[PDB]
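As structure tokens, one chain now follows by itself in the form deposited in one PDB entry.
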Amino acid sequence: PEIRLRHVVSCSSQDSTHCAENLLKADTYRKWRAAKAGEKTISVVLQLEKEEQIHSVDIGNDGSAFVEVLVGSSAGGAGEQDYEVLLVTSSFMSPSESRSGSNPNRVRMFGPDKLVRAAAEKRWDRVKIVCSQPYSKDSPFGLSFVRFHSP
């Protein structure tokens, strides 16, 4: 959502799925996330070496109220506005739940049907996952996992 709330990483010899799994359990990320405690929203950006087409997306929450997935194409450049929505901002916790810490770990699968078609049809080498949690700013909220499925 803005550079200081965005953790950018290179996914060199790994696809988006592997890059994410490694990012999320990475000490550097956990320390970065710690440094951003108290923040209403954070994102991670996966810089893919090879552009990929994303069939569907599985998301495992870790205390986020909303999650959104956007995609971008680095060639030519890519500012914030040039990102295209892949998975529209989606609910994982209510404000009540956010405050009570109840059901922080919902999993939702989003098949081709639930993604933005125009975007899911294209290929991308930037994947931005945005986690919003305005109701529990102080928790180290994010995702347990995010998986991208490709042909």
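Just so we're on the same page, rigid core means the largest C-alpha set that superposes within 1.5 Å between forms. Sequential numbering from 1, following the sequence displayed.
Omitted here: the form deposited in another entry. The next part is about that form.
Core-superposed comparison between the shown form and the other one: CA of residue 122 displaced by less than 2 Å.
Once both forms are overlaid on the rigid core, the distance between the two CA positions of residue 88 between the shown form and the other one is under 2 angstroms.
Relative to the superposed core, residue 36 undergoes a Cα shift of 2 Å or more between the shown form and the other one. CA of residue 21 to CA of residue 112: farther apart by 3 Å or more in the other entry than in the shown form. Between this form and the other one, the CA-CA gap for residue 56 and residue 17 widens by 3 Å or more, being larger in the other entry.
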